[PDB]
Amino acid sequence: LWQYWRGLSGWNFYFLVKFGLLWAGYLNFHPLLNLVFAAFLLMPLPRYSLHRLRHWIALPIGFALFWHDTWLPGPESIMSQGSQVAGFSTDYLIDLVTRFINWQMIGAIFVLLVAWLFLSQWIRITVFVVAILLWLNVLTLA
Amino acid sequence: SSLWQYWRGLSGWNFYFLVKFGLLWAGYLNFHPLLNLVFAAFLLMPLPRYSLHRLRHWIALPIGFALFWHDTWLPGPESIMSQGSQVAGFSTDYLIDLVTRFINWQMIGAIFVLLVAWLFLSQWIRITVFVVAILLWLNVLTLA
Amino acid sequence: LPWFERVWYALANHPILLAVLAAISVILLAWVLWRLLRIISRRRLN
Amino acid sequence: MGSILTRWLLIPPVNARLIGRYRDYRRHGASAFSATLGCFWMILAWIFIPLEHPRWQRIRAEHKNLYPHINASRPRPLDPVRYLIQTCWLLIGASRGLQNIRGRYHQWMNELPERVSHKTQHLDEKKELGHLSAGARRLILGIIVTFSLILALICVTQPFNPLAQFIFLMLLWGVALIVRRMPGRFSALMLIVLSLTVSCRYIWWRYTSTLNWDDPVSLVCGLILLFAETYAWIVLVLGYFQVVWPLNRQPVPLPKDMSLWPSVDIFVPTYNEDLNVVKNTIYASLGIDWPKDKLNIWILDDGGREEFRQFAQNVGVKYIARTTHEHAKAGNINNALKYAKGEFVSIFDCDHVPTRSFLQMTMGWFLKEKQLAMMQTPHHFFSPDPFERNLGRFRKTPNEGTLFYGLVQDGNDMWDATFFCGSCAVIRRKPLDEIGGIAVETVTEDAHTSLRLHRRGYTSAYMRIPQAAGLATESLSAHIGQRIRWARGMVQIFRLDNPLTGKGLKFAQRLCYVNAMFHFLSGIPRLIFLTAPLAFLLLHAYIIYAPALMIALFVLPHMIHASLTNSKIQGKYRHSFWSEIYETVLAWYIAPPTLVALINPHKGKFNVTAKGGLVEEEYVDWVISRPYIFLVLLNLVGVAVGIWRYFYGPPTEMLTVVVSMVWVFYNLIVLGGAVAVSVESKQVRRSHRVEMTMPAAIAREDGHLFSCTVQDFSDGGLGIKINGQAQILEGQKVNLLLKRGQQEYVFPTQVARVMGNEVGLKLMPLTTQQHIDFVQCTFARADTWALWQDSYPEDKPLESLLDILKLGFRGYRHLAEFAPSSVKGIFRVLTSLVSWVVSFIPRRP
């Protein structure tokens, strides 16, 4: 089964971003759910097809989980209030978007991406991600 | 195809950052640590294709300049354009006098010395490691 | 004061001026040296 | 850690791998503790580092190259730290339009000669106008002289604060670095004037501001150092004067009519040397390209040996012996001069093999210049000297004599001050008879004879083309014995026939002769510099009464400017810092005989130097190494007391302790180099091999001819490279064909070894004529020695400093190669620290 354990690949970056956001105070982090998700991603699958399937399944799940961890209104609230947003002029929407998007945060995420690309070659980032996840869970239980 | 053959040091941009650090140290620059880091990250990003490298340099030049201008207290291009019509009325002698007053020959000489130092040191040491370390350090100081 | 200490006092705070005067002195002593060595080689031809 | 515990905790495959590795570590000599720790770290590395990644695979594959100091098979507990340090080093200092800069730098480099050529055209072009009013011109060039000397005097005398002195130093150093990059003789003259200005500023500060008058012990030690520094400054000034404009004299063609060529007597003096040494010089002398009716060769046998008389008769050369062994070589030559009748005399030492071109390359100037009394050529040696041999540096670094013959004598010719060096010279008979022959009053008869010729107003020339080559001294003992004789003789001339006060010499000749005599007095100043920092450490004596920062701000400029100027002028003939090793080895041995000659010049016997011996085993000459070991031990006591003063001494003296300690460490590096030379290396071959590329052929007994290239030759045999598939067998008799001009000569040889296309030939017993022809086809060729001088790489002061630091450690390891005390036991401690030091200075990949 040793040969079938494949590190969190691109999902390492997903978690790093989450950690960064948690640290910045933008995320309500649910430690156990994220650990379960990580466990799901680390689970040893022998077949290449199962790996593809996992990636496909993991993408929506990861997104959902990320959203859940965010302070963002549920898709239901957006759908019910979305009809009010459709009446906003394009200029207002752009203004809202520019105010909402912190270009500094985007830049940080980018820097993190480059760092991750660079570090993933030297160090097993998965080990750290899992360690931090374990640690965060322990903190929530203590 | 290990993305690795494609990691190239900051080459000439090392000098750009060194100059910035020197100016920051002299108190002439309001250094925005995160934006400069992002720029550095952009420059270090691994690109496989030679064409993408050329493109990066082309893009980086205006960005680097813009960022350098931004980090300086210099009036925005808008202020210059709106007040520029008032500067067009200045006699050539006045403009030269203003320029001579504005340009500190000592600072130009320092930049030149820094350039020579960099060319000389770059033969022995990887300056990129230092530039990135200082950038990271400056960012940490702003967060602490 | 004298004249040798007045010159020293006037130049004491100007290390750049003395370095320029040293460079001028080196060029003048060398170049005349080149010419005169050529002249001594010519006296050798004599 | 076969411990029941790992068997219980780990699964069988993992356990098996760990045990296998552990055992592997134990097999290679790792302690149990180190092996366990190594396994642990490996596991950790596997956990955190993707060792499967192509990067780590490459690094692992190149592990031996990247981490030479770390043995993967023998883990040490501090290995991780060592890896970190090395990695940090590799990451940082480890590297060995912008691209256009490189090409354009070379473009300007190529332009340098082109622009220089244009400048020389302009040099003549400006001269094509350089004329006006001579009285005034003298005033104006003289006007330059007075104003520039006033500016130089202000630059020398100006008192500065530490900051102004630092700025002034950095600016003068910047000017020196710019000027050093400029090609040509003019930049060398600027560097001389700049070096002299800075060195005069140093000596001025020393005399005016740095003597403690209130402490008698500091005053006496400070005056002893000031004497050594004043001597070093005088030799620097006179050295620069002597080499300021090397003449590079070219040969003058002889008349086409050989009836106008003068008569020449060749003298080959021998005392006690073996006939096999003298044979080669005589056989080469018979091959000189001169009319046979105008060439006479003389064996001057001071031993009166019948084998030499019979040899002379068999070869058709003149023989003379004498019954009185008075004045050695000088007396032997002066006896021969009574019977010789040639208009010129040429002298070769009995081991110096002349080239056929020797008289053609030298004689043309004696016809051009009627007042020319002497022409000297270089002494070249085809065997290593003891420094070259014991350091393993033969033909890699210029040997001690290369500075003197390569530059100093060519500098002397500019001043009409070239002096006879005992061999490889032509002397006009009439001027030599007018002075009473070769001088006999001093043990350097050669230099003293030249002084007498110059006192009569005759001239001397130097031809810097090797036209003969001899044998070097075979031991450091014989070498030191020869240098003691020369040092004594030069100081005897300074006392008996003083160049400064005696009549007849031109002012420039006086300065050149004084510098040549002063050079041999260097032993006392060198011993002072090796002991000076110990005066403060051991006696608390302030040898330089100034703040340690001011000492650095005055000494460092002087040393840097002198070194940069010497590297630019001398760098082909002497590498930086190598002079200090040569002078330090000689210093102890030349100091007593020169001091005795200065007080009483008549106290001296001539010793003969042995040549032609074998060194069968490597040995340390403990009699010769004694002074170096004493100076090393004395400097190490200095280090121990300096460490004690740094921790228990006054805080105000801490910088003075550090400056004295840096000087003691420098002295220990130089003394380590002197110790490294004192280890005699094994001389396996009787016959020295002369590397030379020449076309040849080999004929087998079946008549098949094969083209070959001679790679090396010696008196007993040759190394050849065969061109093509020659089936040559070991022990086979083969005829070697060599060419001399249009004539081909056949030499019987036996194949001694075959290594693919490289064949070692041994000469069979030659007839007298074949032996003459062999020497004339090899040692006496016109091109043999001329090509060897231009082969030395240009000096790089920082690379030469590293070479000496390696040599000193090697010399430390040489005092460890042999020590009569724990000195070596210390080196045992020294090398544990230096395994740590292989970890330190990052190994250049």
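These residue numbers are counts, starting from 1, taken along the chain as shown.
Positions of Cβ are set from backbone N, Cα and C atoms, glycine also.
Features reported for this protein in Swiss-Prot:
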- D:31-51: transmembrane segment (TRANSMEM)
- D:140-160: transmembrane segment (TRANSMEM)
- D:162-182: transmembrane segment (TRANSMEM)
- D:219-239: transmembrane segment (TRANSMEM)
- D:260-353: region 'Catalytic subdomain A' (REGION)
- D:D302: active site (ACT_SITE)
- D:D349, D:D351: substrate binding site (BINDING)
- D:430-490: region 'Catalytic subdomain B' (REGION)
- D:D446: active site (ACT_SITE)
- D:514-534: transmembrane segment (TRANSMEM)
- D:536-556: transmembrane segment (TRANSMEM)
- D:581-601: transmembrane segment (TRANSMEM)
- D:629-649: transmembrane segment (TRANSMEM)
- D:657-677: transmembrane segment (TRANSMEM)
- D:683-779: domain 'PilZ' (DOMAIN)
- D:822-842: transmembrane segment (TRANSMEM)
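All features noted in Swiss-Prot, drawn onto the structure.
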{"residue": "D:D302", "record": "active site", "Cβ contacts under 8 Å, 6 or more apart": "D:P269, D:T270, D:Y271, D:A321, D:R322, D:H325, D:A328, D:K329, D:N332"}
{"residue": "D:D349", "record": "substrate binding site", "Cβ contacts under 8 Å, 6 or more apart": "D:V268, D:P269, D:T281, D:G422, D:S423, D:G470"}
{"residue": "D:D351", "record": "substrate binding site", "Cβ contacts under 8 Å, 6 or more apart": "D:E273, D:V277, D:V278, D:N280, D:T281, D:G470, D:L471, D:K611, D:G612"}
{"residue": "D:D446", "record": "active site", "Cβ contacts under 8 Å, 6 or more apart": "D:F419, D:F420, D:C421, D:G422, D:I438"}
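DSSP assigns D:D446 (active site) to a helical segment in the three-state reduction. Beyond the ends of the transmembrane segment (D:536-556), by six or more residues, the same chain brings 162, 165-166, 169, 201-202, 205-206, 209-212, 215, 217-218, 220-222, 225, 637-638, 641-642, 645, 655-661, 664 to within a C-beta distance below 8 angstroms of the stretch.
Counted over residue pairs separated by six or more positions, the transmembrane segment (D:514-534) shares fewer than 3 Cβ pairs under 8 angstroms with the transmembrane segment (D:162-182), which leaves the two as not touching. Each residue of the region 'Catalytic subdomain B' (D:430-490) gets a DSSP state, and the totals for helix, strand and coil are 31 helix, 7 strand, 23 coil. Scored by C-beta pairs under 8 angstroms, the transmembrane segment (D:657-677) has its highest count with D:629-649, from the stretches D:140-160, D:162-182, D:581-601, D:629-649.
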